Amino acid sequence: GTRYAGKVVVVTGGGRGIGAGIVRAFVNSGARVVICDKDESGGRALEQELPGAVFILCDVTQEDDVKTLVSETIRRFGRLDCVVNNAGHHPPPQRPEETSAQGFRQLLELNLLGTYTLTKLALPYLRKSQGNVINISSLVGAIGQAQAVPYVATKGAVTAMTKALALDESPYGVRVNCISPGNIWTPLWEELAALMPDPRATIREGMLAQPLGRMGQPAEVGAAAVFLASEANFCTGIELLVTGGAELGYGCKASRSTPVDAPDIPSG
């Protein structure tokens, strides 16, 4: 485990789910990993289990928590090589009339502005290390998703912002890339399914959304992140799809509330 030995890595939302899979991936590569999370429980458990990981309580929507996160990372470890902006939320399914501008703003604070604020504060140090930024976006930023207008918007912004940052930071040799996971089996996925009338039917539909026939694992996103940080030196501004092929081929897109005619009038 030496492909990223000695590098200092900040992972937001690293207490569980994809974040924890990324923390473990970088630890196994030899990095010093600073777990940023608003929830103490998961981070402390990872901090105690993994020696290379330390936990720093930090809500990325609070400018002062993030400034303290960066300040403590430099003071305690002297450098910063990689920022993985993973902290993010997916609300329950909401139709457009079931969304509010206030909830949209709240979601932007977390999914977009938290990623922006940490990136900006980290860039002075990433420039000195010739480090790199990895944003965790989502496939639905590229292809849309039903009943998720605010969420889809925040992820479209993250993917685009990744490319803008890659252009701004290329003169320092600082790479900025993003991973777009499709359906990854995580506590978030499980919690959203548990809100549905038939949780396991929902999970099964999520599995059938991939030609590979399953959801991904946090560990597979984690391997994608370590590859971007440690072995993708000619990649900047890319969108690495970790989706099981969900974007490929024809599927079933007409919804249960969507008027569809019988097959004797195929084109209306």
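All residue numbers refer to positions in the sequence shown, first residue = 1.
Q: If we scan the other compared entries, does residue 16 go without coordinates in at least a third?
A: No; none of the other entries leave residue 16 out.
Q: Would you please confirm whether residue 259 lacks atomic coordinates in a third or more of the other entries that were compared?
A: Yes: coordinates for residue 259 absent from at least a third of the compared entries.
Q: Quick one: higher average CA temperature factor, 94-102 or 157-165?
A: Per the PDB record, 94-102.
Q: Please compare 62-70 with 199-207 and say which has the higher mean C-alpha temperature factor in the record.
A: Mean C-alpha B-factor is greater for 62-70.
Q: Using only the C-alpha B-factors in the record, can you name which of 224, 238, 53, 212 has the highest?
A: Among 224, 238, 53, 212, the highest C-alpha B-factor in the entry belongs to 53.
Q: Please say which third, lowest, middle or highest, residue 144 falls into when its CA temperature factor is compared across its chain.
A: Its C-alpha B-factor, which the entry lists for residue 144, ranks in the lowest third among residues of this chain.
Q: Can you tell me which third, lowest, middle or highest, the CA B-factor of residue 229 falls into for its chain?
A: According to the entry, residue 229 has a C-alpha B-factor in the chain's middle third.
Q: Could you say whether, by C-alpha temperature factor, residue 249 belongs to the lowest, middle or highest third of its chain?
A: As the PDB entry reports it, the C-alpha B-factor of residue 249 lands in the lowest third of its chain.
Q: Is residue 184 in the lowest, middle or highest third of its chain when residues are ranked by C-alpha B-factor?
A: Its C-alpha B-factor belongs to the lowest third of this chain's values.
Q: Lowest, middle or highest third: where is residue 130 by Cα B-factor in its chain?
A: Highest third of the chain for residue 130's C-alpha B-factor.
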